[PDB]
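Asker: Got a structure for you, written out below as structure tokens; questions coming shortly.
Note that we place each Cβ from the backbone using ideal geometry, even for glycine, and neighbour counts take in every protein chain shown. Read-outs: derived from the displayed coordinates by stated rules, not from any lab.
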Amino acid sequence: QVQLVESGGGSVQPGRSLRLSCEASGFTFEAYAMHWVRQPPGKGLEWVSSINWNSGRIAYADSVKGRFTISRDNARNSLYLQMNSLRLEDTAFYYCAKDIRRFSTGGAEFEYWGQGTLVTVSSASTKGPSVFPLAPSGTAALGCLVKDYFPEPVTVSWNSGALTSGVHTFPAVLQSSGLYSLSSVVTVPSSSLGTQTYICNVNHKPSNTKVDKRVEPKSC
Amino acid sequence: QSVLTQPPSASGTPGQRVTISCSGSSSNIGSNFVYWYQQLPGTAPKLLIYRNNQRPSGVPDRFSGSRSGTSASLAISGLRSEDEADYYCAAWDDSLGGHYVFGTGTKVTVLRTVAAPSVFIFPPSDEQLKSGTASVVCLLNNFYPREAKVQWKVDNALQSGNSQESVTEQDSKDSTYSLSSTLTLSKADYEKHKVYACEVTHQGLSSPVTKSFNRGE
Ligand SMILES: CC(=O)N[C@@H]1[C@@H](O[C@@H]2O[C@H](CO)[C@H](O)[C@H](O[C@]3(C(=O)O)C[C@H](O)[C@@H](NC(C)=O)[C@H]([C@H](O)[C@H](O)CO)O3)[C@H]2O)[C@H](O[C@@H]2O[C@@H](C)[C@@H](O)[C@@H](O)[C@@H]2O)[C@@H](CO)O[C@H]1O
């Protein structure tokens, strides 16, 4: 199975530099042109750069020409994007993509994409979240409140992935303070409350934060 | 600079045939292959159609593409709830020495039957109160359509300016939305009042529904 994993995202100040990487497995990396595509949150797709199998032919979109450098290490099955002189409008998910064709020299055909690394160009300071229980009131609703973090993104799972049904993890909203906040809620049967343990797992990779929060009913 | 234009949105009942335009110029679609990409909410784009009409393995045959001149079109036969996504066409553009152009994208939603939300209300945790701010959360679960009004009342006094909303994307299997609204008060203001109520107006409710709690009970 083809697999592409991007890393190197997180927050970065305007004017500064950031290097993204992509690890490729499940195919003969050194035979396929690789590309970077980016997507500003909520907006559309923009092609960034291309490099063929031996790095002989390289292409850049005009919006990054002169600031970004694409490269690759076939022995390490890795693709790199060096980003200099970053601007707010460079804030985006950056996607690593593999070409359909072997040994091509031009064009682009994005056959498989990595899930992307989110780059936030901002003057704000990185800050990890605080996590509070949304304790439950035969449907009963419980959740976790992930408040006052920056930048995006947060991931939330329930019982380390052993609970998937009824789970709604809402899009983050930017508070007036400049920090983000979201809720993840799951509807379970009330029969389950005294019987089952519900833990929300919050990951905030930009601040290197991992928190597990037991969410129990209230005493009353 | 060069743009492939698509309709901003598209919709259909389950089983309906949806069709998405992609309008280009003689420099891109008129000369080069067209590709279509599908992006489910919160995921990365997928290759859906390549070289005008080819489908990868793992793409159902209800997706098909065609190219006629400077325009291209994607067709989804028998729209399913799992098809709710953004769809982007794309093609190489020969002008200006060469560049790849993505289309402006089309959001595809499923038209289902009106469904009223379920409302749940959450008091702030005691742990958050120890830090001096209170967050009250109102949850509107599994409703359709998307538009909804949340109105906070504190001892029946309507609030304004101290709340924020967030809405999910359309659900992959039942085509509903959910909504969270958060009321943020200082700890001191939170303890000065007793009844916290969130009042919900929606097309599925003939009269507004109110869920509330008394602080400290
Ligand atoms: C060789 C090369 O990279 N030329 C690019 C050019 O890309 C090519 O365009 C033609 C059509 O004009 C064709 O689609 C090429 O694809 C194929 C082929 O049929 O030759 C597809 C095959 O699957 C593939 N074979 C394998 C085993 O993977 C071969 C093969 O990779 C090459 O022939 C070299 O061995 O390629 C395609 O590669 C490129 O054109 C643009 O991009 C294309 C992907 C397509 O969208 C075109 O319509 C579009 O104009 C141009 C860009 O200016 O640059 C040339 O250098």
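Asker: Residue farthest toward the positive end of the dipole of chain B, with Cβ of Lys/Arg at +1 and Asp/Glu at -1: which of B:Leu79, B:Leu4, B:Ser207?
Answerer: The residue sitting most towards the positive pole is B:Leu79.
Asker: Order these by the 10 Å Cβ neighbour count, fewest first: B:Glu84, B:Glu217, A:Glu30.
Answerer: Final ranking by Cβ density, sparse to dense: B:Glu217, A:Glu30, B:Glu84.
Asker: Between region B:1-54 and region B:169-191, how many Å separate their Cα centres?
Answerer: Using only Cα atoms, the two centres lie 33 Å from each other.
Asker: Also, quick follow-up: With every atom except the alpha carbons ignored, what do you get for Rg and Dmax of the protein assembly as shown, in angstroms?
Answerer: Final numbers for Rg and Dmax: 23.9, 71 Å.
Asker: A:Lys205: which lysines have alpha carbons under 20 Å from its alpha carbon, excluding same-chain residues fewer than 8 sequence positions away?
Answerer: Of all the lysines, those that pass the test against A:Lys205 - Cα under 20 Å, at least 8 places apart if same chain - are A:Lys127, A:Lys147, A:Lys213.
Asker: Cα extents of region B:14-120 along the three principal axes, largest first, in whole Å?
Answerer: So the extents along the principal axes, rounded to whole Å, are 57, 28, 23.
Asker: I've got another one for you. Within chain B, count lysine pairs with alpha carbon atoms under 14 angstrom apart where the residues are 8 or more positions apart or belong to different chains.
Answerer: Final tally of qualifying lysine pairs is 6.
Asker: In region A:13-28, which residues have a backbone nitrogen under 20 Å from the label point lying 7 Å from A:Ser71's Cα in the Cα-to-Cβ direction?
Answerer: A:16-24
Asker: Still on this structure: Taking 0.36 nm per residue of sequence separation and subtracting the Cα-Cα distance, how much length would be gained by fully extending the chain between B:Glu191 and B:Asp94, in nm to one decimal?
Answerer: This chain segment gains 28.3 nm when fully extended.
Asker: What spacing in nm lies between the two simple spin-label points modelled at B:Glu82 and B:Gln16, each 7 Å away from Cα in the Cβ direction?
Answerer: In this crude spin-label approximation the distance works out to 2.1 nm.
Asker: Could you work out how far apart the two model spin labels at A:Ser7 and B:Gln54 are, taking each label as a point 7 Å from the Cα in the direction of the beta carbon, and quote it in nm?
Answerer: About 3.3 nm separates the two model spin labels.
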